[PDB]
Amino acid sequence: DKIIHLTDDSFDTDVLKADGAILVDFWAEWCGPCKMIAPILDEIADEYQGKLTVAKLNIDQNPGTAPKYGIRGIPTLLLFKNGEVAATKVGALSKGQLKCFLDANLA
């Protein structure tokens with residue numbers, strides 16, 4: 001919905017040159033946990049619309065990004081603040097968990 005689907009080629013423009021925080025989620029279809037935190041990213045996206053942009057990057061279609069940030073497995077969450085990594089979250093999580101992670105890292 002408000003979620004931006006990324007690619008290795010658009011990552012620079014969409015994430016690094018952006019103004020305002022962006023939460024990047026590295027996912028794939030074969031990753032069960034990813035699919036479960038997906039509907040959660042939908043909720044957060046509309047609820048934090050205005051203070052945060054939620055972006056998804058499918059590592060099967062874009063195998064080049066993850067290795068640039070030392071991402072070993074998925075799911076992985078990277079929160080950016082104008083071109084740089086602010087905080088990282090790994091493994092399955094809940095809406096509450098993500099909201100606490102966002103309250104602790106967003107301005």
# chains A, B, ... in the order shown; residues from 1 in each chain; ligands from 1
call {"tool": "residues_around", "arguments": {"residues": "stretch 85-101 of chain A", "least_positions_apart": "4", "cutoff": "7 Å", "atoms": "only C-alpha atoms", "output": "PyMOL selection string"}}
result
chain A and resi 33+37+40+74-81+105
call {"tool": "write_last_selection", "arguments": {"atoms": "N, CA and C atoms", "output": "PDB file, in the first residue's frame"}}
result
ATOM      1  N   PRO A  33       9.099 -17.159   8.519  1.00  0.00           N
ATOM      2  CA  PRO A  33       9.015 -16.006   9.418  1.00  0.00           C
ATOM      3  C   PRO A  33       8.735 -14.692   8.685  1.00  0.00           C
ATOM      4  N   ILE A  37       5.705 -11.815   9.406  1.00  0.00           N
ATOM      5  CA  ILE A  37       5.879 -10.442   9.836  1.00  0.00           C
ATOM      6  C   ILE A  37       5.431  -9.481   8.753  1.00  0.00           C
ATOM      7  N   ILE A  40       2.317  -7.492   9.412  1.00  0.00           N
ATOM      8  CA  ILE A  40       2.682  -6.538  10.444  1.00  0.00           C
ATOM      9  C   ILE A  40       3.263  -5.294   9.800  1.00  0.00           C
ATOM     10  N   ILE A  74      17.537 -14.037   7.012  1.00  0.00           N
ATOM     11  CA  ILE A  74      16.334 -13.240   7.042  1.00  0.00           C
ATOM     12  C   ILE A  74      15.347 -13.946   7.948  1.00  0.00           C
ATOM     13  N   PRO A  75      14.336 -13.219   8.437  1.00  0.00           N
ATOM     14  CA  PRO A  75      14.113 -11.802   8.150  1.00  0.00           C
ATOM     15  C   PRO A  75      15.094 -10.869   8.855  1.00  0.00           C
ATOM     16  N   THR A  76      15.326  -9.717   8.247  1.00  0.00           N
ATOM     17  CA  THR A  76      16.201  -8.725   8.840  1.00  0.00           C
ATOM     18  C   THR A  76      15.586  -7.365   8.589  1.00  0.00           C
ATOM     19  N   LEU A  77      15.679  -6.509   9.595  1.00  0.00           N
ATOM     20  CA  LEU A  77      15.152  -5.168   9.485  1.00  0.00           C
ATOM     21  C   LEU A  77      16.269  -4.167   9.721  1.00  0.00           C
ATOM     22  N   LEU A  78      16.365  -3.222   8.800  1.00  0.00           N
ATOM     23  CA  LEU A  78      17.353  -2.167   8.850  1.00  0.00           C
ATOM     24  C   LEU A  78      16.594  -0.845   8.808  1.00  0.00           C
ATOM     25  N   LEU A  79      16.868   0.022   9.773  1.00  0.00           N
ATOM     26  CA  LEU A  79      16.208   1.319   9.827  1.00  0.00           C
ATOM     27  C   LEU A  79      17.219   2.387   9.415  1.00  0.00           C
ATOM     28  N   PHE A  80      16.903   3.096   8.333  1.00  0.00           N
ATOM     29  CA  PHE A  80      17.770   4.145   7.798  1.00  0.00           C
ATOM     30  C   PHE A  80      17.303   5.548   8.177  1.00  0.00           C
ATOM     31  N   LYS A  81      18.255   6.470   8.255  1.00  0.00           N
ATOM     32  CA  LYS A  81      17.985   7.873   8.562  1.00  0.00           C
ATOM     33  C   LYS A  81      18.909   8.632   7.622  1.00  0.00           C
ATOM     34  N   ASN A 105      13.791   4.242  18.380  1.00  0.00           N
ATOM     35  CA  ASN A 105      14.718   4.712  17.361  1.00  0.00           C
ATOM     36  C   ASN A 105      14.246   5.832  16.459  1.00  0.00           C
TER      37      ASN A 105
END
call {"tool": "select_by_dssp", "arguments": {"residues": "stretch 15-52 of chain A", "states": "strand (DSSP E or B)", "output": "ChimeraX atom specification"}}
result
/A:21-27,49,52
call {"tool": "closest_residue", "arguments": {"among": "A:107, A:38, A:18, A:24", "to": "residue A:5", "atoms": "only C-alpha atoms"}}
result
A:24
call {"tool": "select_by_dssp", "arguments": {"residues": "chain A", "states": "alpha helix (DSSP H)", "output": "NGL selection string"}}
result
:A and (11 or 32-47 or 65-68 or 95-103)
call {"tool": "write_last_selection", "arguments": {"atoms": "N, CA and C atoms", "output": "PDB file, in the first residue's frame"}}
result
ATOM      1  N   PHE A  11      17.858   0.994  -4.849  1.00  0.00           N
ATOM      2  CA  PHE A  11      18.209   1.157  -3.442  1.00  0.00           C
ATOM      3  C   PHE A  11      18.866   2.479  -3.100  1.00  0.00           C
ATOM      4  N   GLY A  32       9.513 -18.640   5.983  1.00  0.00           N
ATOM      5  CA  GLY A  32       8.270 -18.622   6.732  1.00  0.00           C
ATOM      6  C   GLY A  32       8.120 -17.410   7.640  1.00  0.00           C
ATOM      7  N   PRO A  33       9.099 -17.159   8.519  1.00  0.00           N
ATOM      8  CA  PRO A  33       9.015 -16.006   9.418  1.00  0.00           C
ATOM      9  C   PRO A  33       8.735 -14.692   8.685  1.00  0.00           C
ATOM     10  N   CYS A  34       9.349 -14.509   7.519  1.00  0.00           N
ATOM     11  CA  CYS A  34       9.135 -13.295   6.731  1.00  0.00           C
ATOM     12  C   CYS A  34       7.652 -13.097   6.448  1.00  0.00           C
ATOM     13  N   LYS A  35       6.999 -14.142   5.944  1.00  0.00           N
ATOM     14  CA  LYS A  35       5.576 -14.092   5.615  1.00  0.00           C
ATOM     15  C   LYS A  35       4.695 -13.737   6.814  1.00  0.00           C
ATOM     16  N   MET A  36       5.123 -14.134   8.002  1.00  0.00           N
ATOM     17  CA  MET A  36       4.351 -13.838   9.186  1.00  0.00           C
ATOM     18  C   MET A  36       4.538 -12.402   9.648  1.00  0.00           C
ATOM     19  N   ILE A  37       5.705 -11.815   9.406  1.00  0.00           N
ATOM     20  CA  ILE A  37       5.879 -10.442   9.836  1.00  0.00           C
ATOM     21  C   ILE A  37       5.431  -9.481   8.753  1.00  0.00           C
ATOM     22  N   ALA A  38       5.081 -10.022   7.588  1.00  0.00           N
ATOM     23  CA  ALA A  38       4.622  -9.190   6.476  1.00  0.00           C
ATOM     24  C   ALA A  38       3.349  -8.405   6.829  1.00  0.00           C
ATOM     25  N   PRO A  39       2.261  -9.097   7.204  1.00  0.00           N
ATOM     26  CA  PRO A  39       1.036  -8.359   7.548  1.00  0.00           C
ATOM     27  C   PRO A  39       1.285  -7.283   8.606  1.00  0.00           C
ATOM     28  N   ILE A  40       2.317  -7.492   9.412  1.00  0.00           N
ATOM     29  CA  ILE A  40       2.682  -6.538  10.444  1.00  0.00           C
ATOM     30  C   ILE A  40       3.263  -5.294   9.800  1.00  0.00           C
ATOM     31  N   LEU A  41       4.061  -5.480   8.752  1.00  0.00           N
ATOM     32  CA  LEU A  41       4.671  -4.342   8.078  1.00  0.00           C
ATOM     33  C   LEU A  41       3.593  -3.501   7.411  1.00  0.00           C
ATOM     34  N   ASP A  42       2.478  -4.146   7.078  1.00  0.00           N
ATOM     35  CA  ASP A  42       1.351  -3.457   6.458  1.00  0.00           C
ATOM     36  C   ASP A  42       0.759  -2.484   7.476  1.00  0.00           C
ATOM     37  N   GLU A  43       0.503  -2.976   8.688  1.00  0.00           N
ATOM     38  CA  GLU A  43      -0.050  -2.166   9.772  1.00  0.00           C
ATOM     39  C   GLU A  43       0.817  -0.952  10.116  1.00  0.00           C
ATOM     40  N   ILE A  44       2.094  -1.206  10.376  1.00  0.00           N
ATOM     41  CA  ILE A  44       3.048  -0.164  10.728  1.00  0.00           C
ATOM     42  C   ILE A  44       3.130   0.887   9.628  1.00  0.00           C
ATOM     43  N   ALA A  45       3.131   0.424   8.386  1.00  0.00           N
ATOM     44  CA  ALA A  45       3.232   1.318   7.251  1.00  0.00           C
ATOM     45  C   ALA A  45       2.172   2.422   7.246  1.00  0.00           C
ATOM     46  N   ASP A  46       0.916   2.063   7.521  1.00  0.00           N
ATOM     47  CA  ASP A  46      -0.163   3.051   7.506  1.00  0.00           C
ATOM     48  C   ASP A  46      -0.252   3.842   8.796  1.00  0.00           C
ATOM     49  N   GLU A  47       0.173   3.211   9.881  1.00  0.00           N
ATOM     50  CA  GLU A  47       0.149   3.823  11.189  1.00  0.00           C
ATOM     51  C   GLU A  47       1.286   4.827  11.393  1.00  0.00           C
ATOM     52  N   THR A  65      22.177  -6.530  -2.491  1.00  0.00           N
ATOM     53  CA  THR A  65      22.108  -5.631  -1.343  1.00  0.00           C
ATOM     54  C   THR A  65      22.492  -6.211   0.024  1.00  0.00           C
ATOM     55  N   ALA A  66      21.865  -7.325   0.396  1.00  0.00           N
ATOM     56  CA  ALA A  66      22.124  -7.951   1.688  1.00  0.00           C
ATOM     57  C   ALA A  66      23.615  -8.025   2.026  1.00  0.00           C
ATOM     58  N   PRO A  67      24.435  -8.572   1.113  1.00  0.00           N
ATOM     59  CA  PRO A  67      25.871  -8.662   1.398  1.00  0.00           C
ATOM     60  C   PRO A  67      26.557  -7.313   1.647  1.00  0.00           C
ATOM     61  N   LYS A  68      26.018  -6.230   1.101  1.00  0.00           N
ATOM     62  CA  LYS A  68      26.636  -4.928   1.342  1.00  0.00           C
ATOM     63  C   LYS A  68      26.514  -4.489   2.801  1.00  0.00           C
ATOM     64  N   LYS A  95       4.041  -7.177  16.435  1.00  0.00           N
ATOM     65  CA  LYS A  95       3.733  -5.772  16.210  1.00  0.00           C
ATOM     66  C   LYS A  95       4.225  -4.950  17.393  1.00  0.00           C
ATOM     67  N   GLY A  96       3.980  -5.454  18.597  1.00  0.00           N
ATOM     68  CA  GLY A  96       4.416  -4.747  19.781  1.00  0.00           C
ATOM     69  C   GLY A  96       5.926  -4.615  19.774  1.00  0.00           C
ATOM     70  N   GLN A  97       6.612  -5.718  19.491  1.00  0.00           N
ATOM     71  CA  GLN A  97       8.060  -5.696  19.456  1.00  0.00           C
ATOM     72  C   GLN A  97       8.555  -4.649  18.472  1.00  0.00           C
ATOM     73  N   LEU A  98       7.975  -4.626  17.281  1.00  0.00           N
ATOM     74  CA  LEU A  98       8.397  -3.652  16.288  1.00  0.00           C
ATOM     75  C   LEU A  98       8.056  -2.220  16.701  1.00  0.00           C
ATOM     76  N   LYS A  99       6.931  -2.033  17.378  1.00  0.00           N
ATOM     77  CA  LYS A  99       6.562  -0.687  17.787  1.00  0.00           C
ATOM     78  C   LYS A  99       7.513  -0.178  18.861  1.00  0.00           C
ATOM     79  N   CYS A 100       7.956  -1.079  19.730  1.00  0.00           N
ATOM     80  CA  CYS A 100       8.886  -0.693  20.780  1.00  0.00           C
ATOM     81  C   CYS A 100      10.220  -0.351  20.106  1.00  0.00           C
ATOM     82  N   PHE A 101      10.602  -1.140  19.109  1.00  0.00           N
ATOM     83  CA  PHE A 101      11.838  -0.889  18.386  1.00  0.00           C
ATOM     84  C   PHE A 101      11.777   0.453  17.635  1.00  0.00           C
ATOM     85  N   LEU A 102      10.581   0.821  17.186  1.00  0.00           N
ATOM     86  CA  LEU A 102      10.402   2.077  16.474  1.00  0.00           C
ATOM     87  C   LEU A 102      10.320   3.258  17.443  1.00  0.00           C
ATOM     88  N   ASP A 103       9.686   3.060  18.594  1.00  0.00           N
ATOM     89  CA  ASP A 103       9.588   4.147  19.565  1.00  0.00           C
ATOM     90  C   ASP A 103      10.969   4.480  20.115  1.00  0.00           C
TER      91      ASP A 103
END
call {"tool": "residues_around", "arguments": {"residues": "residue A:10", "least_positions_apart": "5", "cutoff": "12 Å", "atoms": "only C-alpha atoms", "output": "list in words"}}
result
residues 4, 5, 15, 16, 17, 18, 55, 56, 57, 62, 64 and 65 of chain A
call {"tool": "atom_distance", "arguments": {"atom1": "atom CA of residue A:26", "atom2": "atom CA of residue A:59"}}
result
6.3 Å
call {"tool": "atom_distance", "arguments": {"atom1": "atom CA of residue A:8", "atom2": "atom CA of residue A:106"}}
result
25.2 Å
call {"tool": "atom_distance", "arguments": {"atom1": "atom CA of residue A:6", "atom2": "atom CA of residue A:30"}}
result
18.2 Å
call {"tool": "decode", "arguments": {"residues": "stretch 43-58 of chain A", "atoms": "N, CA, C and O atoms", "output": "PDB file, in the first residue's frame"}}
result
ATOM      1  N   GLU A  43       0.503  -2.976   8.688  1.00  0.00           N
ATOM      2  CA  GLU A  43      -0.050  -2.166   9.772  1.00  0.00           C
ATOM      3  C   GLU A  43       0.817  -0.952  10.116  1.00  0.00           C
ATOM      4  O   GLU A  43       0.331   0.178  10.167  1.00  0.00           O
ATOM      5  N   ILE A  44       2.094  -1.206  10.376  1.00  0.00           N
ATOM      6  CA  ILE A  44       3.048  -0.164  10.728  1.00  0.00           C
ATOM      7  C   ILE A  44       3.130   0.887   9.628  1.00  0.00           C
ATOM      8  O   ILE A  44       3.206   2.090   9.896  1.00  0.00           O
ATOM      9  N   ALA A  45       3.131   0.424   8.386  1.00  0.00           N
ATOM     10  CA  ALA A  45       3.232   1.318   7.251  1.00  0.00           C
ATOM     11  C   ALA A  45       2.172   2.422   7.246  1.00  0.00           C
ATOM     12  O   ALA A  45       2.496   3.585   6.990  1.00  0.00           O
ATOM     13  N   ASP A  46       0.916   2.063   7.521  1.00  0.00           N
ATOM     14  CA  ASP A  46      -0.163   3.051   7.506  1.00  0.00           C
ATOM     15  C   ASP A  46      -0.252   3.842   8.796  1.00  0.00           C
ATOM     16  O   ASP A  46      -0.684   4.991   8.804  1.00  0.00           O
ATOM     17  N   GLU A  47       0.173   3.211   9.881  1.00  0.00           N
ATOM     18  CA  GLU A  47       0.149   3.823  11.189  1.00  0.00           C
ATOM     19  C   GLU A  47       1.286   4.827  11.393  1.00  0.00           C
ATOM     20  O   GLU A  47       1.150   5.769  12.174  1.00  0.00           O
ATOM     21  N   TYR A  48       2.408   4.627  10.704  1.00  0.00           N
ATOM     22  CA  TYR A  48       3.548   5.532  10.831  1.00  0.00           C
ATOM     23  C   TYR A  48       3.759   6.295   9.542  1.00  0.00           C
ATOM     24  O   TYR A  48       4.838   6.829   9.282  1.00  0.00           O
ATOM     25  N   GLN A  49       2.716   6.326   8.727  1.00  0.00           N
ATOM     26  CA  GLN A  49       2.760   7.028   7.461  1.00  0.00           C
ATOM     27  C   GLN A  49       2.963   8.495   7.811  1.00  0.00           C
ATOM     28  O   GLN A  49       2.124   9.101   8.472  1.00  0.00           O
ATOM     29  N   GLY A  50       4.087   9.059   7.388  1.00  0.00           N
ATOM     30  CA  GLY A  50       4.353  10.453   7.690  1.00  0.00           C
ATOM     31  C   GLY A  50       5.635  10.633   8.473  1.00  0.00           C
ATOM     32  O   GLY A  50       6.301  11.659   8.348  1.00  0.00           O
ATOM     33  N   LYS A  51       5.985   9.640   9.282  1.00  0.00           N
ATOM     34  CA  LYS A  51       7.205   9.701  10.069  1.00  0.00           C
ATOM     35  C   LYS A  51       8.162   8.622   9.581  1.00  0.00           C
ATOM     36  O   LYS A  51       9.366   8.666   9.840  1.00  0.00           O
ATOM     37  N   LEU A  52       7.622   7.657   8.854  1.00  0.00           N
ATOM     38  CA  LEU A  52       8.436   6.551   8.391  1.00  0.00           C
ATOM     39  C   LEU A  52       7.919   5.944   7.107  1.00  0.00           C
ATOM     40  O   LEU A  52       6.716   5.831   6.898  1.00  0.00           O
ATOM     41  N   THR A  53       8.841   5.554   6.241  1.00  0.00           N
ATOM     42  CA  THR A  53       8.477   4.895   5.006  1.00  0.00           C
ATOM     43  C   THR A  53       8.938   3.450   5.181  1.00  0.00           C
ATOM     44  O   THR A  53      10.058   3.210   5.639  1.00  0.00           O
ATOM     45  N   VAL A  54       8.070   2.500   4.844  1.00  0.00           N
ATOM     46  CA  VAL A  54       8.389   1.079   4.944  1.00  0.00           C
ATOM     47  C   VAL A  54       8.742   0.564   3.560  1.00  0.00           C
ATOM     48  O   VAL A  54       7.981   0.751   2.611  1.00  0.00           O
ATOM     49  N   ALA A  55       9.894  -0.089   3.436  1.00  0.00           N
ATOM     50  CA  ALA A  55      10.325  -0.606   2.137  1.00  0.00           C
ATOM     51  C   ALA A  55      10.736  -2.071   2.183  1.00  0.00           C
ATOM     52  O   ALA A  55      11.395  -2.528   3.114  1.00  0.00           O
ATOM     53  N   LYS A  56      10.342  -2.806   1.154  1.00  0.00           N
ATOM     54  CA  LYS A  56      10.653  -4.216   1.072  1.00  0.00           C
ATOM     55  C   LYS A  56      11.647  -4.504  -0.041  1.00  0.00           C
ATOM     56  O   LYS A  56      11.583  -3.915  -1.125  1.00  0.00           O
ATOM     57  N   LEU A  57      12.575  -5.410   0.246  1.00  0.00           N
ATOM     58  CA  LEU A  57      13.584  -5.810  -0.715  1.00  0.00           C
ATOM     59  C   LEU A  57      13.625  -7.331  -0.764  1.00  0.00           C
ATOM     60  O   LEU A  57      13.976  -7.987   0.210  1.00  0.00           O
ATOM     61  N   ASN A  58      13.242  -7.892  -1.901  1.00  0.00           N
ATOM     62  CA  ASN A  58      13.232  -9.341  -2.079  1.00  0.00           C
ATOM     63  C   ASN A  58      14.643  -9.806  -2.478  1.00  0.00           C
ATOM     64  O   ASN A  58      15.109  -9.544  -3.596  1.00  0.00           O
TER      65      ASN A  58
END
